[PDB]
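Below, each chain spelled out in residue letters.
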Amino acid sequence: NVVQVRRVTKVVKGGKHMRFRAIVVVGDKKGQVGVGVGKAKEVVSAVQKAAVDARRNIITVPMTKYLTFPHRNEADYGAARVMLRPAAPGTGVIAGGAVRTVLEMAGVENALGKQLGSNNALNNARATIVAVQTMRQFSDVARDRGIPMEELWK
RNA sequence: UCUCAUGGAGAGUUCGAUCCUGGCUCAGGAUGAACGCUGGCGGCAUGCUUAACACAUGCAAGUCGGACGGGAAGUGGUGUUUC
Ligand SMILES: [Mg+2]
Ligand SMILES: [Mg+2]
Ligand SMILES: [Mg+2]
Ligand SMILES: [Mg+2]
Ligand SMILES: [Mg+2]
Ligand SMILES: [Mg+2]
Ligand SMILES: [Mg+2]
Ligand SMILES: [Mg+2]
Ligand SMILES: [Mg+2]
Ligand SMILES: [Mg+2]
Ligand SMILES: [Mg+2]
Ligand SMILES: [Mg+2]
Ligand SMILES: [Mg+2]
Ligand SMILES: [Mg+2]
Ligand SMILES: [Mg+2]
């Protein structure tokens, strides 16, 4: 999914040397997602490079039986800060462009999110990845703390 | 994987491009609203925000004859009853 297409410029003695930068995320909508960034002379080629760079950068988002987040989380990348919190089933995904495409492509069905701090697409994507990467699923906190699930449930 | 949550979306604009700090602007709701164009019906509401500025006319607080003396309508008369 192509998030953003921009025309960046290098300048040479001749004139303006034009390129396209594409920010693109890939997902299966099944709980596997990644971000990637690419650069080329043509829209198509940059799209493609972005595709590959993403595929080799990819990770997995912890999910809950209802297709949502384990818990509430913040994240920080550059000047982009990102706020995610779990939702009740049937609320859909409500968020802004970068965060929303990332989460939607991960396959998260119900999520609250707001990017605070900056607006830049790319950074917000990476921040979202940082968020959902640090998410701890309950089985694993049970295993870490060394305490049975039902005891933390209460 | 019980319980809680029914809730927080962005976009454009400084640069040859970038990231940022930063303002301006937009998308939403609400009117005791006004104006433009258009306008079939019903249900429930609402209707001088400004000049506590002037007011023509008509009506918005009276009743009690079982507190009381009279007089005035009739009636034949203080037997009747009204104002
Ligand atoms: Mg190279
Ligand atoms: Mg900071
Ligand atoms: Mg914001
Ligand atoms: Mg400047
Ligand atoms: Mg310019
Ligand atoms: Mg700011
Ligand atoms: Mg409006
Ligand atoms: Mg008319
Ligand atoms: Mg008034
Ligand atoms: Mg008068
Ligand atoms: Mg009257
Ligand atoms: Mg009487
Ligand atoms: Mg009387
Ligand atoms: Mg009496
Ligand atoms: Mg008498």
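Residues numbered from 1 in each chain as written, not as in the entry; some residues may be left out. Chains lettered and ligands numbered in written order. Part of a larger assembly, values for the part shown. Heavy atoms only, no water.

Going by the header, the method for this PDB entry is cryo-EM, and the resolution given is 3.4 Å.

Can you walk me through the protein's contact with RNA strand B in this structure?
Neighbouring RNA strand B are 30 residues; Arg72, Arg85, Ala95, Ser139 and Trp153 lie closest to it. In RNA strand B, atoms within 4 Å of the protein come 45% from sugar and phosphate. Within the backbone of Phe138, one N or O atom sits 3.5 Å away from a base oxygen of RNA strand B. Between RNA strand B and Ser139, the relevant distance is 2.6 Å, taken from a base oxygen to a side-chain nitrogen or oxygen of the residue. The element contributing the most residues to the surface near RNA strand B is strand β8 (residues 111-117), with 4 residues. Each residue belonging to the surface near RNA strand B can be placed in one class, and the counts come to 12 nonpolar, 10 polar and 8 charged. (Near = heavy atom within 4 Å. Polar contact = N/O pair within 3.5 Å; in protein donor to acceptor, adjacent residues only side chain to side chain. Helix = DSSP H or I, 4+ residues; strand = E, 2+ residues; numbered from the N terminus. Nonpolar A, V, L, I, M, F, W, Y, C, P; charged D, E, K, R; others polar.)

Help me understand the nonpolar core in this model?
Nonpolar side chains tend to gather and get buried jointly when the protein is soluble and globular. Of all hydrophobic cores here, the largest spans 22 residues; its most connected members are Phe69, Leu84, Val102, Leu103, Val108 and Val132. The set of elements that each furnish at least two residues to this core consists of β3 (32-40), β6 (80-86), α2 (97-106) and α3 (121-134). Here this core spans two domains, and each of domain 1 (1-60) and domain 2 (61-154) adds at least three residues to it. (Core = buried A, V, L, I, M, F, W, Y, C linked by side-chain atoms within 4.5 Å. Buried < 20%, exposed > 50% of the residue type's maximum accessible area, 1.4 Å probe, protein only. Domains from an automatic or database assignment.)

How do you make sense of the layout of surface pockets when you look at a structure like this?
If a probe the size of a water molecule is rolled over the atoms, the empty space left behind becomes visible. Estimated volume of the largest pocket: approximately 160 Å³. Lining the largest pocket are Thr64, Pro70, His71, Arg136, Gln137, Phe138, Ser139, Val141 and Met149. Residues of the lining of the largest pocket, tallied by class, amount to 4 nonpolar, 4 polar and 1 charged. (1 Å grid on protein atoms, 1.4 Å probe; cavity = no way out; pocket = protein on both sides within 12 Å on 5 of 7 lines; lining within 4 Å. Points joined across faces, edges and corners; volume = space filled by probe spheres on them.)

Could you clarify how one ought to interpret unusual backbone geometry in this entry?
As a rule of thumb, non-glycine residues mostly have phi less than zero, and peptide bonds are mostly trans rather than cis. Residue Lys29 is not a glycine yet carries a positive backbone phi of 60°. With relative accessibility at 44%, the residue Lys29 sits in the partly exposed group. The phi angle at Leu67 is positive, at roughly 65°, despite the residue not being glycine. Assignment of secondary structure puts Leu67 in the loop between β4 (59-60) and β5 (73-77). Judged by relative accessible area, which is 41%, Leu67 ranks as partly exposed.

Honestly, a nonpolar patch on the surface in this entry has me stumped. Any pointers?
A surface patch of nonpolar side chains, amounting to about 370 Å² of accessible area, comprises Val2, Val5, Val43, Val44 and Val47. Only β1 (2-11) and α1 (43-57) provide two or more residues apiece to the nonpolar patch. For the nonpolar patch, the leading source of residues is α1, giving 3 residues. Counting through the fold element by element, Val43 comes out in helix α1. Judged by relative accessible area, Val43 falls into the partly exposed class, the value being 44%. (Patch = residues over 30% accessible without salt bridge, like charges linked within 9 Å, V, L, I, M, F, W, Y side chains within 5 Å. Areas by Shrake-Rupley, 256 points an atom, 1.4 Å probe, with all protein chains shown as cover. Salt bridge = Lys/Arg side-chain N within 4 Å of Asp/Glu carboxyl O.)

Can you help me understand the sheet that holds β3 in this one?
Within a beta sheet, neighbouring strands are joined by backbone hydrogen bonds and run either parallel or antiparallel to one another. An order of β1-β2-β3-β4 is seen for the 4 strands of this open sheet, with the pairing classed as antiparallel. Lying at the two open borders of the sheet, with one neighbouring strand each, are β1 and β4. Contacts between α2 and the sheet are confined to β1, β2 (16-27) and β3, with β3 contributing the most and set at about 130° to the helix. (Pairing = 2+ DSSP bridges. Contact = heavy atoms within 4.5 Å. Axes fitted to C-alpha atoms, helices over the stretch in contact; angles between N-to-C directions.)

What should I look at first to understand the pattern of salt bridges in this one?
Oppositely charged side chains can pair when the atoms bearing their charge come close. In the structure shown here, the tally under the stated rule is 3 salt bridges. In this structure, the salt-bridge partner of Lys29 is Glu104, at a minimum N-O distance of 3.6 Å. Of the two residues, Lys29 sits in the loop between β2 and β3 while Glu104 sits in helix α2, which places them 75 residues apart along the sequence. Its relative accessible area of 34% is what places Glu104 among the partly exposed residues. The residue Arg81 makes a salt bridge to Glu74 at a minimum N-O spacing of 2.9 Å. What makes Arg81 partly exposed here is its relative accessible area of 35%. Connected via shared salt-bridge partners are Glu74, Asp76 and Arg81.

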